[PDB]
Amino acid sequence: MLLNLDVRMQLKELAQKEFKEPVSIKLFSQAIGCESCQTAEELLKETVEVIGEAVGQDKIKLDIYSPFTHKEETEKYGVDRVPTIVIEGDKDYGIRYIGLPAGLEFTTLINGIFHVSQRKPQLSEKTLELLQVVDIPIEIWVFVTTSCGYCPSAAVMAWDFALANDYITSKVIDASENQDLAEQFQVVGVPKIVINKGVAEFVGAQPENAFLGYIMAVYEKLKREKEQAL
């Protein structure tokens, strides 16, 4: 098992106290040409069964798709790499994990599930008040690794921002598994955050208000470009 009795006991308690609304998890995976996929399928099944047993089989479900077969699902969630994990509820908040959320990123996965289950992001009222103005699609990528010590914090923060706004999409991308993307954005130290594929970037975990700041700076520029273009 990827989750020993101790971790299961822990996740079970965690779920019972933290879990609320039903959660949907969609894993896009492929048998050949993807090294971490099999492990991702295994980790997610165990996670879902553990949580499902703790709060109810109907509170959480895992769908595993293959881009080759599930063209519709793949297209809908903008999946182009595997494994890609979608955490959502009634709606798609643009929360994605590209790669295996193992190591220190496992809590990222767990916290993503819980935050989504709670239909509530862990962002101050100040942040949420200011963020609601964002109404132009903003994409957030957080490059991480399973051992990166500050990534979990950055990854969950990006996911919360996505959960807080219907125009924000946040993808936590394992830099080891997506070296091509990593290189393309000169990812060396992690976490490295990239907004709108290069419009802006910053390194390391960020105080919530600074992370908001980047998003808002990117948004204001997109806003005026949207206005001037009239």
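Residue numbers here begin at 1 and follow the sequence given.
As listed in the deposited structure, the average C-alpha B-factor of 124-132 and of 82-90 is greater for 124-132. Mean C-alpha B-factor is higher over 30-38 than over the other stretch, the pair under comparison being 30-38 and 171-179. For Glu46, the recorded CA B-factor ranks within the lowest third of the chain. Only modelled residues enter the ranking. The entry lists a Cα temperature factor for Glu72 that places it in the highest third of the chain's modelled residues. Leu14: CA B factor lies in the highest third for its chain, per the PDB record. Per the PDB record, residue ranking by Cα B-factor puts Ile195 in the lowest third of the chain. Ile215: CA B factor lies in the lowest third for its chain, per the PDB record.
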